[PDB]
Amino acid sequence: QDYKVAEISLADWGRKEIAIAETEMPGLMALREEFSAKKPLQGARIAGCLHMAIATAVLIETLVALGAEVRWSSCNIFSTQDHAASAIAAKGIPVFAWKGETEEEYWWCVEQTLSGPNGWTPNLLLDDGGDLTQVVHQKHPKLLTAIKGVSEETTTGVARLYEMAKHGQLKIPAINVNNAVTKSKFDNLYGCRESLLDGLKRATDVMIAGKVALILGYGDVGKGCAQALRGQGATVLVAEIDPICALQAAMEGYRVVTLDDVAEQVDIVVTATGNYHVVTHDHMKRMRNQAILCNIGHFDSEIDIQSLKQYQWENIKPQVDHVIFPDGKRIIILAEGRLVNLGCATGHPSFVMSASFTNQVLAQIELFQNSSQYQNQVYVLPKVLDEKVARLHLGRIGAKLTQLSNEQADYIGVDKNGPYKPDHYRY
């Protein structure tokens, strides 16, 4: 049994939702249909470190259907869906994940992905947030020798790739999947538009209409979060350090404020900064009784939970806790400040994960077949692959593409079949 799940009996349930999820994930099904014969990933050995969810079970079974060998692990202690993990393990796939890991179990699960029976080594890393990349770079430099590349899923993991490259610490080729237009401008934005609401709802059942909600950060995650809340009738406030994102938020009608100023006025706070200690002890002490505080950025770092260890915690239900201040005023904290959408719900729905994961598979086929051509820097996929990803998803939602005539193509300077935009088009 080369697996470690919480409950292997949930496999049938997991399989049932995986079947459903395949009808929601046309990108991966289409990648199956195209590459299942050739098996471009035959000989690949992939250490996965990405939320072990049902959508991820489809990505895994798609890499397998393309010939690859994998070992998986979640990148968050609360993000694994157990029946998904169970259905993967039942298929003979090594997976180490369960909802509710301790920090020690988490890093052991990561360690499990790096070695398998009969000297199984990875030549591929598939990493969401940089933890698997840092473990191999700092604790198995003997592993980095056989690694063709890493494909990083999220903004925070990409920033960590950059500081590595900046101090000559990045020692393998790295594909920024996060910055595929069909990841960043879709997953981070439209997915969080749906799963933040989900997380808040499952955790607290709080009415959104009429509440004052503060989004710290107006990147693609913040942009989607704010849409979510404003659509349910919340007054949305936005904090920003970047004047350009601040202006976008202002011009969508949000008031741009600082937490220093508004900590007493907010009913809900969502941290989406990817930064450190943007919610402090003084902020939480100033917050009103039963204020809901949650983090949708990648790391818990965003709130200073250390500053709440003095106080007494009363658990409400799993991943929903009260912190009681000395004056008896209570704060509701979701998932102890880890990813609220995956921690208190099920993350992004499968359809938008399909665009992200089609980008991941493509980057694995590409890292596995042409890694020689890449140095120890970060790169993004070509635009024509980005367009192919989007093209594979138009059918599911019934969007019909117009076809350029020869002269229209010449008129705007493009080939009929794309690419349709200059490299730095922002969409």
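Numbering starts at 1 and runs along the sequence shown.
> Tell me which stretch, 210-218 or 165-173, has the higher mean Cα B-factor listed in the entry.
Comparing 165-173 with 210-218, the higher average CA B-factor belongs to 165-173.
> I need to verify one thing: averaged over C-alpha atoms only, is the B-factor higher for 219-227 or for 103-111?
Higher of the two, by average CA B-factor, is 103-111.
> Going by the CA temperature factor in the entry, name the top one among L196, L293, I241, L143.
Checking the PDB record, the top C-alpha B-factor among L196, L293, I241, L143 is at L143.
> Out of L31, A53, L59, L367, which shows the largest CA B-factor listed in the entry?
Most elevated C-alpha B-factor of the set, per the entry: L367.
> Would you please rank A21 by its C-alpha temperature factor against the other modelled residues of its chain and give the third it falls in: lowest, middle or highest?
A21: CA B-factor falls in the lowest third of its chain.
> When the modelled residues of the chain are sorted by Cα temperature factor, does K185 land in the lowest, middle or highest third?
As the PDB entry reports it, the C-alpha B-factor of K185 lands in the middle third of its chain.
> Against its chain's modelled residues, does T402's Cα B factor rank lowest, middle or highest third?
Ranked within chain, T402 CA B lands in the lowest tercile.
> Relative to the other modelled residues in the chain, which third contains the C-alpha temperature factor of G130: lowest, middle or highest?
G130: CA B-factor falls in the highest third of its chain.
> Should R286 be placed in the lowest, middle or highest third of its chain by the C-alpha B factor in the entry?
As the PDB entry reports it, the C-alpha B-factor of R286 lands in the lowest third of its chain.
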